[PDB]
Each structure stands twice: as structure tokens, then as C-alpha cells.
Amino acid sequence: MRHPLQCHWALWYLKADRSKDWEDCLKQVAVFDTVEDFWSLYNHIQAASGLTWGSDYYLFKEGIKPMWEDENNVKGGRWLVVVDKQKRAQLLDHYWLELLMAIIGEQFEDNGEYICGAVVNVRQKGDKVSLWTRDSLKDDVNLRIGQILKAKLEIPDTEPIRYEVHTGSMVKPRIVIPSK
């Protein structure tokens, strides 16, 4: 018996392609719903850090396309956490794995229903790791998630994580930890 996950998650992958547009690079790798199956994917895919520039992995509930326009996201936000370009080597893969284990293992308490997914952006300037939420206004639910994200990933108080919505002005973040 494999151990059933509360729900079905989908791994997505996107490699940057200059000529082609965005949505067509968005490739659904597999859909799993047991711990054993998650590992089978994870053990055998390319480590996040190993990835080329402009590439992502998304892990989202099934039937949620990992984009803004999607209905599950249209009214949501995310918990952005930047990885320093130079301390990237020893942090990135921990942060991403620790998150995926946090989400599939349902660690955000009575708040799980608001988790949409998790994204890793491999980039030159900085690598990014975010947790997408369903509704960018439930600041209790968002704050609580962020506290847990900070715990799970052991992000210190000197590297602040921020929640922000999904122009006119530069839009400032809705929540920050530690606060200012």
C-alpha cells in the first residue's frame, strides 16, 4: 500500500523559449496522490539548482493551471522568498523540497484549503521560491501560512519574506515578516 495524499497534485515544468509564447512552454509532467509516487517523480527529475535559466517548476493542486488568469488564482497572491544568487547552491534545493513536503503533507493547519501551489523560478539575478494562495485578502490565513513557510524553510529574520497580490503605481506588498 502506498500512502494516500489528502489530494492530487500536478508537477509542471517550464523551460524558457525565446520564439514561442508563455503558455505553450507550460508542460504538465505527472499527477500523483501518494507519498511513494511523489518521491518517484522527485528522485528522478533534475534538481532545481541544476536547471537552466528562465526555467520553473510548479506544483499545484489538480485542475489548477499554475497561472494568474486561472480562476483559482485570479483573486489570490503569493509568498515570495528570494534566494541570494551566491548562497543559492546550499539553500535552493532545501527550500523547494522542504516546501513541497510542507504542502503535500498538509502542514498549514486549518488553512490548507487556501494553498494553490508552489513555484520555483530559476533566474540570473536571483532565484525565487513562492507559495501561491487562493485569496489575497484573508490576512489572517496569509500571515499564518507565512509564519509556517518561515518555520519550514528556516528563513532567518534578516532575510524578510513578503506576501503580495497577483498599473499606475508600484504595488507595495500586503504583508511582510518580520514586520517593519
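Residues carry their position along the shown sequence, with the first being 1.
Student: Zero if continuous, otherwise a range: how many residues of the deposited sequence are missing coordinates between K15 and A16 (none, 1 to 3, 4 to 9, 10 or more)?
Tutor: Missing residues, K15 to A16: none.
Student: So which stretch wins on mean C-alpha B-factor, 18-26 or 5-13?
Tutor: According to the PDB entry, the answer is 18-26.
Student: Could you settle it for me: does 66-74 or 27-35 have the higher average Cα B factor in the PDB entry?
Tutor: In the deposited entry, the stretch with the higher C-alpha B-factor mean is 66-74.
Student: Sorting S130, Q124, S40, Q147 by Cα temperature factor from the record, which one lands on top?
Tutor: It is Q124.
Student: Against its chain's modelled residues, does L137's Cα B factor rank lowest, middle or highest third?
Tutor: For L137, the deposited C-alpha B-factor lands in the highest third.
Student: By its CA B factor, does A102 count among the lowest, middle or highest third of the modelled residues in the chain?
Tutor: For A102, whose C-alpha B-factor we compare with every modelled residue in the chain, the answer is the lowest third.
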